[PDB]
Amino acid sequence: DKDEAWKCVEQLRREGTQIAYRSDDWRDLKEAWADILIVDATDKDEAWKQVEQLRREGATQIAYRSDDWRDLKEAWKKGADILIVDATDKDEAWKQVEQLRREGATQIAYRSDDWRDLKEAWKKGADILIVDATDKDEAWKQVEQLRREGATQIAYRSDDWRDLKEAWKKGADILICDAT
């Protein structure tokens, strides 16, 4: 389970940029404090409690993920620096980015499996573009496209360290170890 996730951080550290761990427990995120800690959306009462708990602990790059910008704005208020708009509906996603940008959100991230949706999010204000690899093999191609477009903070989400390493080589600067 989380032990597979852990073996890969091991390999990514060994291989040398920024590592992020997605996690539901806040201790695990701490034990892992991994440079970017992604508090996972599950009982917003507990999530906001982990952002808060991490902020007090001095954790420096706190991220929160949601499909709802209102939840992201709340997380931001409570100490999250990085606000991950989770796109599965394409157009309603770009709205979350747009709304957050209006609210003055500093580090908006956008999760998608399609580099063109990522490119568009980028234009609308997403500074962190997360390429979601679950058809793992191919997904570096998206990193490459975004690199070419001039995106400067490309993230790659994968449960496999070899794939993370390849993404990194194709220009991903944030490697998200996501083994649920």
Side-chain angles (χ1 to χ4, degrees), residues 5-6 8-9 11-23 28-29 32-41 51 54-55 58-66 72 75-76 79-87 93-94 96-97 100-101 105 107-135 138-180:
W6 289 345
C8 281
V9 173
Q11 292 301 335
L12 299 201
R13 271 214 57 73
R14 173 185 69 69
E15 300 272 345
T17 35
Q18 300 170 78
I19 289 175
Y21 189 44
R22 201 159 292 196
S23 170
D28 175 32
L29 286 161
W33 187 24
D35 320 286
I36 287 163
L37 311 172
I38 300 173
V39 182
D40 196 48
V51 165
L54 274 165
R55 174 187 168 70
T60 63
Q61 291 195 288
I62 301 162
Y64 177 78
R65 180 183 55 62
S66 170
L72 294 167
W76 185 33
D81 303 286
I82 291 160
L83 317 174
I84 304 167
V85 169
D86 191 344
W94 292 332
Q96 313 311 296
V97 173
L100 282 176
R101 186 152 152 100
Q107 296 190 90
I108 301 160
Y110 188 88
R111 182 159 167 269
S112 167
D113 81 292
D114 199 316
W115 71 271
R116 297 166 310 221
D117 303 2
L118 286 167
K119 177 182 172 178
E120 184 64 39
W122 184 50
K123 286 184 281 184
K124 297 165 170 291
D127 292 327
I128 297 163
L129 312 173
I130 299 158
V131 170
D132 188 12
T134 51
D135 66 324
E138 174 269 314
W140 324 303
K141 281 177 172 184
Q142 305 184 45
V143 175
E144 291 170 19
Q145 291 292 359
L146 290 170
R147 271 294 266 211
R148 192 181 141 191
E149 297 288 339
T152 67
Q153 293 190 278
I154 299 161
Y156 190 89
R157 178 197 160 294
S158 169
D159 55 344
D160 170 67
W161 69 267
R162 295 180 179 88
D163 289 8
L164 291 159
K165 167 177 175 192
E166 272 316 289
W168 167 72
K169 287 186 159 172
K170 303 282 185 50
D173 287 327
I174 293 163
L175 308 177
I176 305 160
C177 291
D178 222 325
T180 304

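Only this structure's heavy atoms are used, side chains among them; waters, hydrogens and symmetry mates stay out. Starting from 1, each residue takes its place in the sequence as its number.
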**Q.** Residues forming a side-chain hydrogen bond (donor to acceptor under 3.5 Å, both in side chains) with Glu120, sequence neighbours excluded
**A.** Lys123
Q: Check side-chain hydrogen bond (donor to acceptor under 3.5 Å, both in side chains) between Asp173 and all other residues, then give those that pass, not counting sequence neighbours.
A: none
Q: Using side-chain contact (heavy atoms from CB on, under 4.5 Å) as the criterion, list what pairs up with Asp40, not counting sequence neighbours.
A: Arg22, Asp24, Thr42, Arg65
**Q.** Heavy-atom pair with the smallest gap, counting every atom of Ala167 and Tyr156
**A.** CB-CG, 3.2 Å
Q | Shortest non-hydrogen separation from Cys177 to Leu164 and the atoms involved | A | SG-CD1, 3.8 Å
Q. If you round to the nearest 0.5 Å, how far is CH2 of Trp161 from CG of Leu175?
A. 12.5 Å
Q. Under the 3.5 angstrom rule, does the side chain of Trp94 hit a backbone N or O of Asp117 as a donor-acceptor pair?
A. yes
For residues 143-151, run the donor-acceptor check on the side chains, cut-off 3.5 Å, and write out each pair with its distance to 0.1 Å, sequence neighbours left out.
residue : atom : partner : partner atom : Å
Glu144  : OE2  : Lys170  : NZ           : 3.1
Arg147  : NH1  : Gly171  : O            : 3.4
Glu149  : OE1  : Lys119  : NZ           : 3.2

Q | Residue list, side-chain contact (heavy atoms from CB on, under 4.5 Å) with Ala155, at least two apart or on another chain | A | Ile128, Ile130, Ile174, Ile176
Q: Only counting residues at least two apart or in another chain, list the ones meeting salt bridge (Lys or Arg N to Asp or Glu O under 4.0 Å) with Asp35.
A: none
